[PDB]
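Just so you know, we're using the authors' numbering here: the sequence shown kicks off at 1 and counts up by one.
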Amino acid sequence: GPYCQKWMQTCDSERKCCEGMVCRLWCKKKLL
Numbered sequence: 001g002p003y004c005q006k007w008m009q010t011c012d013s014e015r016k017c018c019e020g021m022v023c024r025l026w027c028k029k030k031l032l
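Here you go:
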């Protein structure tokens, strides 16, 4: 929904990761 990626959404192999980036404890950017 409206608060997930920029709210550190607690990521698991079942979590609706709003940007598909770094499913480790949250979802956050790490990219070249």
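Think of the CB as a built atom: it goes at the ideal place given N, C-alpha and C, for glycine as much as any other residue.
> Taking the C-alpha atoms as reference points, what is the distance between residue 8 and residue 25?
Replying inline: Mapped onto the sequence shown, residue 8 falls at position 8. Mapped onto the sequence shown, residue 25 falls at position 25. Answer to the nearest angstrom: the Cα atoms are 8 Å apart.
> What is the rounded straight-line gap between the Cα of residue 20 and the Cα of residue 4?
Replying inline: Taking the sequence shown and counting its residues from 1, the one referred to as residue 20 is at position 20. Taking the sequence shown and counting its residues from 1, the one referred to as residue 4 is at position 4. Rounded to whole angstroms, residue 20 to residue 4 spans 11 Å at the Cα level.
>> Just to confirm my understanding: we take residue 23, look at its own chain, exclude 5 residues before and 5 after, and list those with CB closer than 6 Å. What are they?
In response: Counted from its first residue, the sequence shown places residue 23 at position 23. Cβ within range, chain order: 11 and 17.
> On the three-state DSSP scale, how would you describe residue 5?
Replying inline: Position 5 of the sequence shown, counted from the first residue, corresponds to residue 5. In the displayed model, residue 5 falls within a helix according to three-state DSSP.
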